[PDB]
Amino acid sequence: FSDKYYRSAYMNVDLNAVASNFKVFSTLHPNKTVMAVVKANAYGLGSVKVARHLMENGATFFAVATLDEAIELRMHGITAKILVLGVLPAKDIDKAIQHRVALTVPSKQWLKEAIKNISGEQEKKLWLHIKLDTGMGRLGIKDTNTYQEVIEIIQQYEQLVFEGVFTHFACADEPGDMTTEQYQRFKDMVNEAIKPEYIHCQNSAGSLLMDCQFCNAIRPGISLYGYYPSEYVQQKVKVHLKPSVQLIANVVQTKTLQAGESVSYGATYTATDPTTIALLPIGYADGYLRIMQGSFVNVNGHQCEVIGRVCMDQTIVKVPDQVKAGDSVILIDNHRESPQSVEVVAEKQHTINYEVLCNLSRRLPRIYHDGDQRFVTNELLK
């Protein structure tokens, strides 16, 4: 029954906006493969639906964080190339081979362990992308000799393929020399060995700000979904990105508080004079976190304050008398210049747009728009 929902709170996900943003990247980098980053459930949009729609618009390569994410894509019909960006436990190597998923090599020791765990039951090629650390300081190979040795090991085993090499920028969304230094260091390492088929270093910020002619693939994530990685990037670039997400809830009913009556846990809001309130069927278990108290939402065109504590499943809003049961409320709006933009919500949460999206929980249905056609995913009813 996963195409039905029974509470009027949901995310609208505009797949046409996503496809449009993908085309912007394709057009900016016409000689590169766009390796769409759909990790973390496509940043809360739903990786299965996003990846399927992107394949219909010409995507041929995805990146995810974990093998679970890659297998989830394979099980739901994705036949594109997939790279797992995290480090797979070596004992699970045969599953990556079986499912035709490319893996990240973080170190020489990982590769040696992976080789020891290949049983021979899965005989297909293992596709490998070697990760270089050029300044991010997480896992990755830092020295050129190690990079060369890993390639030489791969060359001694017919089953192992050196498919790609990559790095990742730490500060591409802010001004400074770090990004150019990382890119030059990447080239310096990659130029000391045979070149693989895929060479990639650019996230959304990198892809929006630099050509990087040396690379032949890019890895945009957040900007596919229609968000600039930072304000600095938005200010620097001319390309228009289309926000893909709205968060909507309908007023269940309105109620009148009299002077001296409080609302919600802790009695943290008390009416001074007759005040109309609206109850919304959404709360912090949906990802509309407690810190959202004091924000404004858009109730049928009116800017209305969230008052009292946000509850697990319910949120209270102070509203004008015209507001009635069934009115639509936009809590996250699909426009950057909006008091309900993802960025404004991120500022209220003292965080970044990425986290606002990731917070949106499994309890929210996703309602996908593709042209006239509409599709609903409700994870609870799987």
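In this text, residue numbers run from 1 along the sequence as written.
Participant: What about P274, is it left unmodelled in a third or more of the other PDB entries we looked at?
Facilitator: No, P274 has coordinates in all the other entries compared.
Participant: If we scan the other compared entries, does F186 go without coordinates in at least a third?
Facilitator: Modelled in all the others, so no.
Participant: Using the B-factors recorded in the PDB entry, average over the C-alpha atoms of 60-68 and of 336-344, then report which stretch comes out higher.
Facilitator: That would be 336-344.
Participant: Between 104-112 and 263-271, which has the larger average Cα B-factor in the PDB entry?
Facilitator: Averaging CA B-factors over each stretch, the winner is 263-271.
Participant: Can you tell me which of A42, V317, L357, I352 has the highest Cα temperature factor in the record?
Facilitator: Of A42, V317, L357, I352, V317 has the highest C-alpha B-factor.
Participant: Taking the Cα B-factors listed in the entry, which of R290, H168, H99, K125 comes out highest?
Facilitator: That would be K125, according to the entry.
Participant: Among the chain's modelled residues, which third holds the C-alpha B-factor of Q373?
Facilitator: Highest third of the chain for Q373's C-alpha B-factor.
Participant: Is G164 in the lowest, middle or highest third of its chain when residues are ranked by C-alpha B-factor?
Facilitator: Lowest third, going by the recorded CA B-factors of the chain.
Participant: Taking the values exactly as deposited, rank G221 by C-alpha B-factor within its chain and report the matching third: lowest, middle or highest.
Facilitator: Lowest third, going by the recorded CA B-factors of the chain.
Participant: Taking only the Cα B-factors deposited for this chain, tell me whether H240 sits in the lowest, middle or highest third.
Facilitator: Tercile = highest for this residue's CA B-factor.
Participant: By the recorded C-alpha temperature factor, relative to the other modelled residues in its chain, which third is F214 in?
Facilitator: According to the entry, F214 has a C-alpha B-factor in the chain's middle third.
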